[PDB]
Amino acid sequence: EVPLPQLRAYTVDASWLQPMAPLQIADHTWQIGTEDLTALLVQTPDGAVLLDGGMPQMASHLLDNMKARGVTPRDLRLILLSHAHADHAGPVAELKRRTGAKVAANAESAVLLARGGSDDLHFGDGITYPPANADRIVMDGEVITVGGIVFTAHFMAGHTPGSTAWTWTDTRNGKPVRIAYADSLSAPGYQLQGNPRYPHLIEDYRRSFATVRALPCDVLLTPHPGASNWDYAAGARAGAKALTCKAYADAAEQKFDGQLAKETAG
């Protein structure tokens, strides 16, 4: 007599859940997540912005890192997201409860976030998290300005429909640094061709490769740092080997073309 299976928790490599101290990227930009998941704090005279939070259990760690940086819960003004999967948007609901932060996201990301990542086009209910509501819906190319830092949304659908690259200009050693936080361009276990839930998946990915290639991009960061060749545990050399946006897009496209061939064969 065989019962139905137990629910399976979304488990991940230890490095994804390994806390790290804040790592400075530019004068007002810091990595405050874990060794293998990005969560970017951008510190402004008019309050702080967080781009991604990582996994659901990273909430208190993020708040601790913010505190270390001189950012109290009420100082957090905005949360922005690369995409609404559990390993990047996971703590967003809790962050909203515990801080003054409002979430801006595109329509697709907002809808997936509000579902807590359930009914995912590819994952189903395999990888879910506490749902959260967006406070503001953003359009492609729309800018949001916080204490003088201008964040621009660049839609790059594929990994999720609502996948977004966020760009802004910070400063370092006296000069401006155009940072590109480009979303994932992977398709882990995705049915790419003739997917009834995403009929134009392939065409969106191709447009997203071109979008990522063309971003203003002195420094590239990615939700999974390894994808842009970042090593957050490497301290002063964390970003030394980082890819350009062009190289990141090219690598993603070559990998995607291989996955297409393997799927056709499969």
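Numbers follow the displayed sequence, beginning with 1. Take the two forms, find the largest set of C-alpha atoms that superpose within 1.5 Å, and that set is the rigid core.
Item checked: Of 10-18 and 253-261, which departs more from this form in 7 other deposited structures of this protein by CA RMS after core fitting -> Between the two stretches, 10-18 moves farther in 7 other deposited structures of this protein.
Next item on the list: For the higher mean C-alpha B factor in the entry, choose 123-131 or 167-175.
Entry: Of 167-175 and 123-131, the stretch with the higher C-alpha B-factor average is 167-175.
Next item on the list: Read off the CA B-factors in the entry, average them over 69-77 and over 100-108, and name the higher stretch.
Entry: Comparing 69-77 with 100-108, the higher mean C-alpha B-factor belongs to 69-77.
Next item on the list: Could you tell me which one of 160, 82, 118, 145 shows the highest CA temperature factor in the PDB record?
Entry: So the option with the highest C-alpha B-factor is 145.
Next item on the list: For residue 150, return the chain-relative third of its C-alpha B-factor as stated in the PDB record: lowest, middle or highest.
Entry: According to the entry, residue 150 has a C-alpha B-factor in the chain's highest third.
Item checked: Position of residue 233 among the chain's modelled residues by C-alpha B-factor, lowest, middle or highest third -> Tercile = highest for this residue's CA B-factor.
Checklist line | Chain third (lowest, middle, highest) by recorded CA B-factor, residue given as residue 33 | finding: Middle third of the chain for residue 33's C-alpha B-factor.
Check: Lowest, middle or highest third: where is residue 226 by Cα B-factor in its chain?
Finding: For residue 226, whose C-alpha B-factor we compare with every modelled residue in the chain, the answer is the middle third.
Notebook entry, point to check: By the record's CA B-factor, is residue 55 among the lowest, middle or highest third of residues in the chain?
Noted result: Lowest third.
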